[PDB]
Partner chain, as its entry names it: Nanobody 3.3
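Starting off, we have a lone chain in the form solved without the partner chain, written out as structure tokens.
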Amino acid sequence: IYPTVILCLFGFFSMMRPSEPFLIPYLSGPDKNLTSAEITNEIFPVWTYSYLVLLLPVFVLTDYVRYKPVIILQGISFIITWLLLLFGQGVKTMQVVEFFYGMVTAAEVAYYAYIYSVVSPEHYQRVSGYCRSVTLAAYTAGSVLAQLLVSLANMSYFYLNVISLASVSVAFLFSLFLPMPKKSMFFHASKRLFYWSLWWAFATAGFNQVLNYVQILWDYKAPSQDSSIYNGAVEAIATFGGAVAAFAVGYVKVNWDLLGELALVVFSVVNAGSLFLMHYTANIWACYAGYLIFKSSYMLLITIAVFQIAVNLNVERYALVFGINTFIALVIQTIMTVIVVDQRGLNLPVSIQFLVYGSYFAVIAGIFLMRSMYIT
């Protein structure tokens, strides 16, 4: 339990980042003078570009070099990423910081697969669920902290970014004397399987692309320079809703395989409707409610998808299934980025971008409904 508690506390201090909600308001604020167009069209696409570039090498070398070094590399990457965010300036600096954040988010697979070697060959699911709950609770606490500080304390985003850097610093410091694994997973390595994997890849590509730009539409619909902004509380409530949706899907005892296609198409439709509510609204409270609804209804879909895909295959290659699924998901997301939002592609601003995102989520549901009418 001692490696478990070190991993738990490292995840808590690494995922409690108050600078995550107020990123673009901080990026586009008086501290750095970054216009929205240059952020959207150059800074953020390189994040998913580098994340795809570094997803396969990190996942393939995290067993060769064992799990702890990649976690300490994630800590170093957090340190350098937030050092560039706090002090670096320009646009090339903000592409380098996204390149580092790609590896930051790519080392999460190694962070999650480390716990395979510390407690039991079969209790992987329970401890991984505990670590997931700890990370989501850390994110919720960080968002509540950020919103509460900005609202009551009236505290500048530079000092809030300093707080996030200090948090990831303590997280890295609580990750050197991590018990180095002696157990390595490997050295040199149905009708529902491929179908549900394609569904998961599509849904998570759409989610990773929308999560990158909800903040940009948030300060587009209502400017962050004036009239206040409520990013942190909305993000905290949204991730709390996602967590309770996951826990509710796991908690309820029902035969999903009898008819899950209907109960999941009616959730993909709700996701598409929430995206269209994002795009077509004039207010910002409606957009915040749409974000709440969308992320709750998407975490429902993902918890269902991991429920059916987990029970089919063994725990040992359960991580390999996700490793070969998220690579396809990021390929889909990089084509989606290079045509939709990249400057060298079609150069769509955020204004006419959620229409395309809702069209994506509607086309996925239309393909699902077409698959149901195969007999007809």
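Residue numbers count along the first chain shown, from 1. We call the rigid core the largest set of C-alpha positions that still match within 1.5 Å between the two forms.
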task: Report, as yes or no, whether residue 188 is left without coordinates in at least one third of the other compared entries.
output: yes
message: So residue 152 and residue 153 are neighbours in the shown sequence, but is anything from the deposited sequence left out between them? Give the count as none, 1 to 3, 4 to 9, or 10 or more.
response: none
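There is also a form deposited with the partner chain bound; it is not shown, and the following applies to it.
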query: Looking in the entry with it bound, any heavy atom of residue 367 within 4.5 Å of the partner chain?
result: no
task: With heavy atoms only and a cut-off of 4.5 Å, decide whether residue 349 touches the partner chain in the entry with it bound.
output: yes
task: Evaluate residue 316 for contact with the partner chain in the entry with it bound, applying a 4.5 angstroms cut-off between non-hydrogen atoms, and reply yes or no.
output: no
field: residue 192 within 4.5 Å of the partner chain in the entry with it bound, heavy atoms
entry: no
task: Would you mind picking the one in 310, 37, 61, 331 that has a heavy atom within 4.5 Å of the partner chain in the entry with it bound?
output: 37
task: Within 4.5 Å of the partner chain in the entry with it bound, counting heavy atoms only, one of 51-59, 337-345, 65-73, 321-329 shows up; tell me which.
output: 337-345
message: Going through 170-195, which residues have a heavy atom within 4.5 Å of the partner chain in the entry with it bound? Please give them in sequence order.
response: none
statement: After rigid core alignment between the shown form and the other one, the listed option with CA shift of 2 Å or more out of 225, 89, 125, 156 is 125
